[PDB]
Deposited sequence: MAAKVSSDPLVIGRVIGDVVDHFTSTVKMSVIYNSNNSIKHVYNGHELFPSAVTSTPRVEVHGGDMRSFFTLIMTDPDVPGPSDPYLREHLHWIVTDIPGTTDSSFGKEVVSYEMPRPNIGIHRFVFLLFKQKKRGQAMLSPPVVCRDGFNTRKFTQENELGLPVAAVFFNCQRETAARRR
């Protein structure tokens, strides 16, 4: 939360989640991954949540086209809705298809954020705003989040 206060307001994590890429690789906060390792869609395991609970997952890059002068923030990479508590992203509905990381300038944060929905059951990727999208869809503050660093291949 402390690293991503330009993207979302401070919050207290109430649910645990893991991001697994495919030879399997797990995401650890703040670690760097090469572009070639994240070309496929990952699986996001959602470890908590009550009996009839449902969650939305957003993947965004706030450092565009580079972190020193981010004048196109944010660029949206993925949106999945209606994931049941204690399951994973494959069980939800794909709203915005995954787009593989391909950072232009410098080292970018690729951030995964989870929100609790008010019930079970177009979007431009350029200039996306996480605060405004969650306000408009009544998604509240994050219940979990994790990120990795990534830069271009030489």
According to the entry, C-alpha coordinates are missing for deposited residues 1-12, 35-37, 137-143, 177-181
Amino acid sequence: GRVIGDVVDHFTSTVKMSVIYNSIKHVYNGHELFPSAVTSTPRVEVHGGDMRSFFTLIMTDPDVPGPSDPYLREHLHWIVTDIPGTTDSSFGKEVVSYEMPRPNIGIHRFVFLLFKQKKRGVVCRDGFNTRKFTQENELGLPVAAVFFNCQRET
From here on, numbers count along this sequence of modelled residues.
If you average the CA temperature factors over each stretch, which comes out higher, 23-31 or 53-61? 23-31
Can you tell me whether 90-98 has a higher mean C-alpha B factor than 105-113 in this record, or the other way round? 90-98
Sorting by Cα B-factor within the chain, modelled residues only, which third would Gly121 end up in: lowest, middle or highest? highest
Taking the chain's C-alpha temperature factors as the reference, tell me which third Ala144 falls into: lowest, middle or highest. lowest
By its CA B factor, does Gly85 count among the lowest, middle or highest third of the modelled residues in the chain? middle
Looking at the C-alpha B-factor of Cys150, is it in the lowest, middle or highest third of its chain? lowest
Lowest, middle or highest third: where is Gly127 by C-alpha B factor in its chain? middle
